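Containing mmCIF, C-alpha atoms; chains and numbers go by the auth columns: coords_30.cif.
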```cif
data_work
loop_
_atom_site.group_PDB
_atom_site.id
_atom_site.type_symbol
_atom_site.label_atom_id
_atom_site.label_comp_id
_atom_site.label_asym_id
_atom_site.label_seq_id
_atom_site.Cartn_x
_atom_site.Cartn_y
_atom_site.Cartn_z
_atom_site.B_iso_or_equiv
_atom_site.auth_seq_id
_atom_site.auth_asym_id
ATOM 1 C CA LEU A 1 6.919 -49.465 -13.324 0.00 1 A
ATOM 2 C CA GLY A 2 10.497 -50.775 -13.962 0.00 2 A
ATOM 3 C CA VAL A 3 14.106 -51.368 -12.699 0.00 3 A
ATOM 4 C CA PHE A 4 16.207 -49.649 -15.463 0.00 4 A
ATOM 5 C CA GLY A 5 16.823 -46.063 -16.761 0.00 5 A
ATOM 6 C CA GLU A 6 19.312 -43.125 -16.950 0.00 6 A
ATOM 7 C CA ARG A 7 20.074 -40.204 -14.525 0.00 7 A
ATOM 8 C CA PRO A 8 21.011 -36.443 -14.629 0.00 8 A
ATOM 9 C CA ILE A 9 24.414 -35.028 -13.441 0.00 9 A
ATOM 10 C CA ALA A 10 25.678 -36.061 -9.949 0.00 10 A
ATOM 11 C CA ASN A 11 25.314 -33.946 -6.746 0.00 11 A
ATOM 12 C CA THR A 12 28.358 -32.178 -5.133 0.00 12 A
ATOM 13 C CA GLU A 13 27.815 -34.158 -1.827 0.00 13 A
ATOM 14 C CA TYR A 14 30.017 -31.589 0.076 0.00 14 A
ATOM 15 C CA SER A 15 29.934 -31.163 3.927 0.00 15 A
ATOM 16 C CA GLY A 16 31.210 -28.844 6.743 0.00 16 A
ATOM 17 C CA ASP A 17 30.263 -27.167 10.086 0.00 17 A
ATOM 18 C CA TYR A 18 26.554 -27.809 10.905 0.00 18 A
ATOM 19 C CA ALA A 19 25.644 -24.096 11.455 0.00 19 A
ATOM 20 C CA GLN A 20 27.256 -20.863 12.772 0.00 20 A
ATOM 21 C CA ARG A 21 25.795 -17.646 14.366 0.00 21 A
ATOM 22 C CA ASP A 22 28.620 -15.125 15.163 0.00 22 A
ATOM 23 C CA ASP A 23 28.345 -13.831 11.531 0.00 23 A
ATOM 24 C CA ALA A 24 24.665 -12.761 12.120 0.00 24 A
ATOM 25 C CA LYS A 25 26.032 -9.183 12.823 0.00 25 A
ATOM 26 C CA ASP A 26 26.285 -8.672 8.974 0.00 26 A
ATOM 27 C CA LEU A 27 22.482 -9.147 8.496 0.00 27 A
ATOM 28 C CA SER A 28 21.898 -5.351 8.410 0.00 28 A
ATOM 29 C CA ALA A 29 23.391 -5.465 4.867 0.00 29 A
ATOM 30 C CA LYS A 30 21.424 -5.057 1.634 0.00 30 A
ATOM 31 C CA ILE A 31 20.984 -8.407 -0.215 0.00 31 A
ATOM 32 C CA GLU A 32 22.381 -6.559 -3.286 0.00 32 A
ATOM 33 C CA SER A 33 25.722 -6.332 -1.303 0.00 33 A
ATOM 34 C CA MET A 34 26.543 -10.024 -2.059 0.00 34 A
ATOM 35 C CA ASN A 35 26.892 -9.514 -5.902 0.00 35 A
ATOM 36 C CA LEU A 36 23.534 -11.232 -6.779 0.00 36 A
ATOM 37 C CA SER A 37 22.030 -11.024 -10.293 0.00 37 A
ATOM 38 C CA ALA A 38 19.230 -8.393 -10.437 0.00 38 A
ATOM 39 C CA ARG A 39 16.436 -11.014 -11.086 0.00 39 A
ATOM 40 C CA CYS A 40 17.195 -12.458 -7.608 0.00 40 A
ATOM 41 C CA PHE A 41 17.040 -8.995 -5.973 0.00 41 A
ATOM 42 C CA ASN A 42 13.886 -7.987 -7.957 0.00 42 A
ATOM 43 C CA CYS A 43 12.160 -11.045 -6.445 0.00 43 A
ATOM 44 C CA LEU A 44 13.364 -10.212 -2.878 0.00 44 A
ATOM 45 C CA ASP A 45 12.454 -6.457 -3.092 0.00 45 A
ATOM 46 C CA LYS A 46 8.774 -7.124 -4.194 0.00 46 A
ATOM 47 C CA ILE A 47 7.881 -9.446 -1.257 0.00 47 A
ATOM 48 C CA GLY A 48 9.674 -6.824 0.911 0.00 48 A
ATOM 49 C CA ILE A 49 12.855 -8.820 1.789 0.00 49 A
ATOM 50 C CA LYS A 50 15.299 -5.852 1.375 0.00 50 A
ATOM 51 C CA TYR A 51 18.133 -7.032 3.701 0.00 51 A
ATOM 52 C CA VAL A 52 20.265 -10.143 4.357 0.00 52 A
ATOM 53 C CA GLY A 53 18.447 -10.289 7.751 0.00 53 A
ATOM 54 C CA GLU A 54 15.104 -10.575 5.914 0.00 54 A
ATOM 55 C CA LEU A 55 16.500 -13.363 3.616 0.00 55 A
ATOM 56 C CA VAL A 56 17.934 -15.126 6.766 0.00 56 A
ATOM 57 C CA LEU A 57 14.370 -14.768 8.280 0.00 57 A
ATOM 58 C CA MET A 58 12.965 -16.215 4.979 0.00 58 A
ATOM 59 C CA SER A 59 12.907 -19.842 6.228 0.00 59 A
ATOM 60 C CA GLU A 60 13.027 -22.420 3.368 0.00 60 A
ATOM 61 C CA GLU A 61 9.183 -22.836 3.164 0.00 61 A
ATOM 62 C CA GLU A 62 8.718 -19.026 2.721 0.00 62 A
ATOM 63 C CA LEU A 63 11.687 -19.033 0.304 0.00 63 A
ATOM 64 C CA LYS A 64 10.157 -21.680 -2.056 0.00 64 A
ATOM 65 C CA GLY A 65 6.966 -19.510 -1.926 0.00 65 A
ATOM 66 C CA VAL A 66 7.785 -16.220 -3.802 0.00 66 A
ATOM 67 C CA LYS A 67 5.893 -15.744 -7.156 0.00 67 A
ATOM 68 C CA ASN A 68 8.825 -15.326 -9.641 0.00 68 A
ATOM 69 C CA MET A 69 11.708 -17.131 -7.829 0.00 69 A
ATOM 70 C CA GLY A 70 13.688 -18.494 -10.855 0.00 70 A
ATOM 71 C CA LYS A 71 15.836 -21.713 -10.656 0.00 71 A
ATOM 72 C CA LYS A 72 19.334 -20.099 -10.971 0.00 72 A
ATOM 73 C CA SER A 73 18.173 -17.099 -8.879 0.00 73 A
ATOM 74 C CA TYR A 74 17.188 -19.118 -5.746 0.00 74 A
ATOM 75 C CA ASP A 75 20.453 -21.147 -6.060 0.00 75 A
ATOM 76 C CA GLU A 76 22.701 -18.017 -6.057 0.00 76 A
ATOM 77 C CA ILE A 77 20.415 -16.533 -3.299 0.00 77 A
ATOM 78 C CA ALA A 78 21.078 -19.619 -1.168 0.00 78 A
ATOM 79 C CA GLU A 79 24.873 -19.770 -1.925 0.00 79 A
ATOM 80 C CA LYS A 80 25.395 -15.991 -1.249 0.00 80 A
ATOM 81 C CA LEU A 81 23.427 -16.445 1.998 0.00 81 A
ATOM 82 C CA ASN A 82 25.871 -19.415 2.568 0.00 82 A
ATOM 83 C CA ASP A 83 28.883 -17.042 1.984 0.00 83 A
ATOM 84 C CA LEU A 84 28.096 -15.451 5.430 0.00 84 A
ATOM 85 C CA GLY A 85 28.457 -18.963 7.022 0.00 85 A
ATOM 86 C CA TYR A 86 24.835 -20.308 6.974 0.00 86 A
ATOM 87 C CA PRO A 87 23.153 -21.837 3.818 0.00 87 A
ATOM 88 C CA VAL A 88 19.507 -20.643 3.803 0.00 88 A
ATOM 89 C CA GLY A 89 16.859 -23.073 5.190 0.00 89 A
ATOM 90 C CA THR A 90 18.912 -24.567 8.137 0.00 90 A
ATOM 91 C CA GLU A 91 16.036 -24.122 10.689 0.00 91 A
ATOM 92 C CA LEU A 92 16.628 -26.724 13.480 0.00 92 A
ATOM 93 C CA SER A 93 17.651 -24.382 16.377 0.00 93 A
ATOM 94 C CA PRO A 94 16.491 -20.901 15.183 0.00 94 A
ATOM 95 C CA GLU A 95 15.552 -19.178 18.532 0.00 95 A
ATOM 96 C CA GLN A 96 17.951 -16.195 17.938 0.00 96 A
ATOM 97 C CA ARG A 97 15.658 -15.150 14.969 0.00 97 A
ATOM 98 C CA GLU A 98 13.082 -13.290 17.156 0.00 98 A
ATOM 99 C CA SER A 99 15.970 -11.077 18.453 0.00 99 A
ATOM 100 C CA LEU A 100 17.089 -10.592 14.806 0.00 100 A
ATOM 101 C CA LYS A 101 13.526 -9.550 13.717 0.00 101 A
ATOM 102 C CA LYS A 102 13.355 -6.903 16.528 0.00 102 A
ATOM 103 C CA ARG A 103 16.878 -5.572 15.653 0.00 103 A
ATOM 104 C CA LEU A 104 15.928 -5.582 11.918 0.00 104 A
ATOM 105 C CA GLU A 105 12.886 -3.344 12.627 0.00 105 A
ATOM 106 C CA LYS A 106 15.542 -0.705 13.665 0.00 106 A
ATOM 107 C CA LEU A 107 17.636 -0.783 10.436 0.00 107 A
ATOM 108 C CA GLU A 108 15.194 2.032 9.480 0.00 108 A
ATOM 109 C CA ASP A 109 11.522 3.017 10.028 0.00 109 A
ATOM 110 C CA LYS A 110 9.520 2.859 6.712 0.00 110 A
ATOM 111 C CA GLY A 111 5.852 1.701 7.093 0.00 111 A
ATOM 112 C CA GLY A 112 3.588 -1.402 7.362 0.00 112 A
ATOM 113 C CA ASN A 113 1.066 -3.589 5.433 0.00 113 A
ATOM 114 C CA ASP A 114 -1.817 -6.166 5.874 0.00 114 A
#
```
Now, as a test, write the supplied structure out as structure tokens.
Amino acid sequence: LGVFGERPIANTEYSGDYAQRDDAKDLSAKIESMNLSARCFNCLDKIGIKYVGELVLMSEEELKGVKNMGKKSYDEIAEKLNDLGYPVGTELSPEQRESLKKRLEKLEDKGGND
């Protein structure tokens, strides 16, 4: 216990529009389309998150929960998700996501798992 010490680098503390949803048309894209590093995409592909829609449907608690996430890799994941308009994990009025999941099922037929 104590009242003195030293700290790491400061946060950006930036702010903007709370959320936006008109850009959710672009979610049929490959996650690779946002110029990610391959280590990020090689995480996302193995859990089966192959599209920006699937990353957008990866709510923050799922997103923290891959097996080989990598510190830099999640950060550029989240900021290239943010480049669409919505930084990943903003899940406070998500009800459009069930409509997304049903539309995403029609990007292409492929298979299933259990």
Can you write out as a tab-separated table which residues of range 71-95 of chain A fall within 7 Å of range 28-46 of chain A, alongside each residue's closest atom pair and its distance in Å to one decimal, counting all atoms listed in the file and ordering rows by chain and ascending residue number?
```
residue	atom	partner	partner_atom	distance
A:73	CA	A:40	CA	4.9
A:74	CA	A:40	CA	6.9
A:76	CA	A:36	CA	6.9
A:77	CA	A:40	CA	6.7
A:80	CA	A:34	CA	6.1
```
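With distances taken over all atoms listed in the file, A:24 is the one residue among A:24, A:66, A:3, A:49 lying closest to residue 83 in chain A.
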Would you mind telling me which residue in A:114, A:54, A:7, A:22 lies nearest to residue 81 in chain A when using all atoms listed in the file?
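Comparing A:114, A:54, A:7, A:22 against residue 81 in chain A, the winner is A:54.
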From the options A:47, A:107, A:27, A:100, which residue's atoms come nearest to residue 68 in chain A, counting all atoms listed in the file?
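Nearest candidate to residue 68 in chain A out of A:47, A:107, A:27, A:100: A:47.
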Between CA of residue 97 in chain A and CA of residue 70 in chain A, measure the distance and give it in Å to one decimal.
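CA of residue 70 in chain A lies 26.1 Å from CA of residue 97 in chain A.
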Work out how far apart CA of residue 110 in chain A and CA of residue 53 in chain A are and give it in Å to one decimal.
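Atom-to-atom, CA of residue 110 in chain A to CA of residue 53 in chain A, that is 15.9 Å.
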